[PDB]
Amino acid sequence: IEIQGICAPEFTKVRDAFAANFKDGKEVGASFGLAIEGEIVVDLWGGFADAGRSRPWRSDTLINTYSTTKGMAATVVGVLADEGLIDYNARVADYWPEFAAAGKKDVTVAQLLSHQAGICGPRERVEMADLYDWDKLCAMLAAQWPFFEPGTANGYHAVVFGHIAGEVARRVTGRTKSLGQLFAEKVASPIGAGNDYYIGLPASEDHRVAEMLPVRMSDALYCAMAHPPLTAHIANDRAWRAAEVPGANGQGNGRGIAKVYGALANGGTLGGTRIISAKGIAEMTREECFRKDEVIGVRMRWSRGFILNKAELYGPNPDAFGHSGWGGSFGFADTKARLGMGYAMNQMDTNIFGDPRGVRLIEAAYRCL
């Protein structure tokens, strides 16, 4: 297939790598973005939005990005912390009093955001409709007894991360806006990414969505994976896309992702508009822990919401940060090279981070520097 979009001359290799992933049959449809020093310099897409290869991927095509969304949610908290509304060292219960229930009165915001609160998933079996009821799910989580002692371990809050992070965000802004609207107003819209990444997709935009394509447990792992179990299929359901499930249901593309991480990699600015101070970025990316994860099963290096680089997952800068999603999407920022990168596609592969397609794109990108 023929690659569409724009690519600065010095980044031609990246374009080639992108195209290469199609030639090897590893893609159906995909989008990719790369920002350098506060400007988008690569903006590419290709292939098809559907399994039948009858509808080409377009510039404004959207796809579910799964846990790539967690990075977006973390950015909201970061921005709010940068404005002085949230103290990472403060107790969650200072902002969210009900959260103090069942052993969590001393859990800090930094611990909640680094998956150390121990409420990795709902203890009781939940329906998808339950996921869509924000206040009810949040009330349930605040009342829940942790699977492990808070601060003594990390266990990936695989689905509910967006709700707990987001509810803190909503509480310090007086519950006047949903987490999706806070992301729209404070992160995406100012830098012009508001049309390329949504948490809670408006009906008017739903025609843009491409089709998602599929390829003993402790109490914590089991609840994080079974309550409820996520599938490729659910991404293709309108109710899922319409809801706000900020751990997993972001609708976006490579350009939107790359714009947000592009701002973050450039000290908080993209195309002359600032969404956050550099101090704010430093504070939201402080390493909180580096331990074998109770849910993921490997050593995770967690900051206040972002995955910190390990084994060159996010390139050669050891302090690069970002988040990846089930199937292969990802985004990350590198403040040294002032580089932000985004990638979103509809053909899933078996991984939750470190897809080969991404490895290729990352290597190509850093050859051009």
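All residue numbers are counted from 1 along the displayed sequence.
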Counting only residues from the deposited sequence, how many are left out of the model between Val215 and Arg216 (none, 1 to 3, 4 to 9, 10 or more)?
10 or more
Selected stretch [higher average CA B-factor]: 346 to 354 or 12 to 20:
346 to 354
Please work out which of 223 to 231 and 265 to 273 has the higher mean CA B-factor as recorded in the PDB entry.
223 to 231
Just grab whichever of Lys70, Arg304, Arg301, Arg53 has the top CA B-factor as deposited.
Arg53
Which has the highest CA B-factor per the PDB entry: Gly33, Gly315, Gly327, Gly331?
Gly327
Third of the chain's Cα B-factor distribution that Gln116 belongs to, per the entry
lowest
Quick tally, chain-level thirds of C-alpha B-factors: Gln144 sits in the middle
Among the modelled residues of its chain, does the C-alpha B-factor of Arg58 lie in the lowest, middle or highest third?
middle
Taking only the Cα B-factors deposited for this chain, tell me whether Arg123 sits in the lowest, middle or highest third.
highest
Mind checking which third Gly250 falls in for C-alpha B-factor across the chain?
lowest
